[PDB]
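As structure tokens, one chain now follows by itself in the form deposited in one PDB entry.
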């Protein structure tokens, strides 16, 4: 690799596809002109010694799919990547650019994959999430929506697609005097388009459906591994958009009615008591097919046990506690179950994501620098706002959405690292408290920075009439007082006076690849193993420190699922600290998820981990988080 950043940018800008002779610049006109106008300042700002902030699997992560290539050879050093992204985000604001380069290079936070991939390049598609409305219950709306999904999927970013408006199997078609074959054949069309289109030369969509839809029994079964094949769509992910009524009927052991949307209009366009009144009326009018609620329930659990899906997101929780409720009824989340944003046939919700590296704020005894965290969170908030304006939107429905409501999604990684570093068991009171105070500071920081942005550039277009315009912040919608490490009254006073620039700011995402770069555990989940063929950095230090680290102890970690429990000669304090996620009660997981959720605007991608899975255990877990008021009750079910 060439060392000088400005020479790397030149090579990239001047790139020509040799096989075709076509100029194929890999830097935008804009960022090139900026680098060239400031090349001494930029070249000498990079500290190339920081490529040793990464590790074997973290560097080989970047080198393998993030660092831009010329002719199949890596052309970017990691610091070049980071400065390219800083510039791609900040443009002419060199000071901002320099601050972002410095904080990212020292691993305080990072932006999501699409940003890392595309910032600073000619069609910079930096947004990770698209939430698409099925446009209409017609061939035309179906094929228009399919086309919009193909165009989005050509430029990277997952899709959450809601399809509650498509009439079900056996329904009448007036134009041809025929009968619909329902959702499964249509899903199969979408499945083929996700396969055909492979991010520019493969798609992953999540499909959302309310569980009164009459094809629901087949919908939930789409990833099943066994027999029928023309009834399965194994490259898509089903997600349930569950009303509280469903959960009530199941716990009551009552009935549930399945409708075609054409027989029972408007269900997905209301929520809560209004839904409950409309749904019960349609029930009483003989407009659908009644079954035992617990019959559906059983089939759901059986599909989650075999496939890990469907996902579970609670419709009424998502709508009652959204700052976007003045926009209309929200009808989906997204591929990874963290975005809850409004979508409609002309508005495709988009989000831009970044994660704070929670261990960077640890400082004999260790403490956590919340003031540095608040400061970094505001930096990241401002970055993500800037991404909104600098983004290439693959379809017009997505520009119109984002330009109007300007949502953002801050998250985190290395929560488990943080606890371990601080010697707190995951299930400890200390870890409970740290969880709350971390999320409280991130949300405060985000809102303070967004309010600063509203005083500068004006509130987002639809701020007026929002819960936040009336001083109702997220934790107020959960009917709770905040923990109070930060002054929320002054914040709220300023927000009601001056607005905020972003409708939403927090959606802790999976970080499935960005944590790997930084060398931390993903998002907010415990560790899954203390051995991945390398052992937990923290565990290792301790074992060595106690003189019990030997071969005959290395083995009971390879052989034993990366768990240290039961291991004869290990102190109990290590055992508590290094519990694996299969060893931590999911009630504790659900509890901590509820604690943090009061400070999460959107939702969070809560995977669930069941070791010895029974239909009864799984039911308790769903009902426990449902009654906790969780929005995303479940992302994947990981088993066995």
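We call the rigid core whatever largest set of C-alpha positions still superposes within 1.5 Å between the two forms. Positions refer to the first chain, counted from 1.
Below: the form solved in complex with a partner chain, not depicted.
Only one of the listed residues (532, 556, 298, 478) places a non-hydrogen atom within 4.5 angstroms of the partner chain in the entry with it bound, and that residue is 298. None of 594, 47, 36, 615 but one reaches within 4.5 angstroms of the partner chain in the entry with it bound through a heavy atom, and that residue is 615. Heavy atoms within 4.5 Å of the partner chain in the entry with it bound map, among the stretches 289 to 297, 483 to 491, 209 to 217, 537 to 545, onto 289 to 297 alone. Although the partner is absent from this view, residue 607 stays clear of the partner chain in the entry with it bound, with no non-hydrogen atom inside 4.5 angstroms. The partner chain is not shown here, but in the entry with it bound it comes within 4.5 Å of a heavy atom of residue 587. In the entry with it bound, at least one heavy atom of residue 251 sits within 4.5 Å of the partner chain.
Although the partner is absent from this view, residue 630 stays clear of the partner chain in the entry with it bound, with no non-hydrogen atom inside 4.5 angstroms. Measuring CA movement between the shown form and the other one with the rigid core aligned, the set 225, 176, 464, 253 has one residue at 2 Å or more: 176.
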